[PDB]
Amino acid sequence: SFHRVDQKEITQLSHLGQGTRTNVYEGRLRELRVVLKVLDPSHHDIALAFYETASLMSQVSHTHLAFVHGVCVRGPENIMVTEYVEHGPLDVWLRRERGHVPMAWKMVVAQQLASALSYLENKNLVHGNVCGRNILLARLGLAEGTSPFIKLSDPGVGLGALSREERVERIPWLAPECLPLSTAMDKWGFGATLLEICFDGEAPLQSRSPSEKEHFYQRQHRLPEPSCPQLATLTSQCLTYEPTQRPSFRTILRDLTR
């Protein structure tokens, strides 16, 4: 159950990057500013999972969830059409602007992200790809008199269909119980994303090889506590290996607002 987008209705512009089994381009939709996520040549089950993401994210709404417009099926190309959010991914922005972003700014985006994930929890819908790359900046909020505004993008190809190798590369955003689907995984993803934001877009463990990322989870080592000193109790509660011990998003949002 998703919108079929006819190929006459879209224009493809420049290449922005590569997502999980995708090439991502800027585009136009007749007009709206969009991103075009072109799937790799794939087995039908990967294409199904791609369609499933588009279907689920088409039937939810939130101020801090980016729009999904539909899928264009050119034969045998599959292209998801989604919102272009003006200032792009949070991780790249933070790295370019590092040492100019105050703590108070970071508290605002954490609250906004927790709001969106509170709604998804209430809807009992798994995201499965909460990370800096999928947080998009609609307003910058650094100028005097302003505050930032973010949007969480769709998860792309559903986590359930990816290979073990791909799951290892998503450490430490990936919930440990997903290494060998519940809404509990998104608590861990959220916690990992808060560390990423606090470290100015440098996630922990990203200078290490895949086998060393996996080994860290095998031993069950505890991730570092944030440079944002207020957040430490919260990130550690989110990043606990036992999923049932992680707090609800009602509790997370409540604690962040004060």
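For clarity, a rigid core is taken as the largest C-alpha set superposing within 1.5 Å between two forms. Residues carry their position along the shown sequence, with the first being 1.
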Is 115 to 123 or 69 to 77 the stretch whose C-alphas end up farther from this model in 8 other deposited structures of this protein after a rigid core fit?
69 to 77
Please tell me which region, 190 to 198 or 37 to 45, has C-alphas lying farther from the displayed form on average in 8 other deposited structures of this protein, with superposition done on the core.
37 to 45
Do at least a third of the other entries of this protein fail to model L94?
no
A110 dropped in a third or more of the other entries:
no
Going by the record, give me the number of deposited-sequence residues missing between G99 and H100 as none, 1 to 3, 4 to 9, or 10 or more.
none
What number of deposited residues lacks coordinates in the span between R30 and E31: none, 1 to 3, 4 to 9, or 10 or more?
10 or more
Between the two ranges 88 to 96 and 75 to 83, the one averaging a larger CA B factor in the entry:
75 to 83
Residue range whose averaged C-alpha B-factor is higher in the record, 141 to 149 or 156 to 164:
141 to 149
Name the one of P229, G189, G70, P41 with the greatest CA B-factor according to the PDB entry.
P229
Select one of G132, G128, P180, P172: the residue whose C-alpha shows the highest B-factor in the crystal structure entry.
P180
In terms of the CA temperature factor given in the entry, to which third of its chain does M103 belong: lowest, middle or highest?
highest
By the entry's values, the third containing the CA B factor of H215 is the middle
Using the B-factor values recorded in the entry, state whether the Cα atom of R208 falls in the lowest, middle or highest third among the modelled residues of its chain.
highest
Ranked against its chain, the third holding the CA B-factor of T193:
lowest
Would the CA B-factor of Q245 place it in the lowest, middle or highest third of its chain?
highest
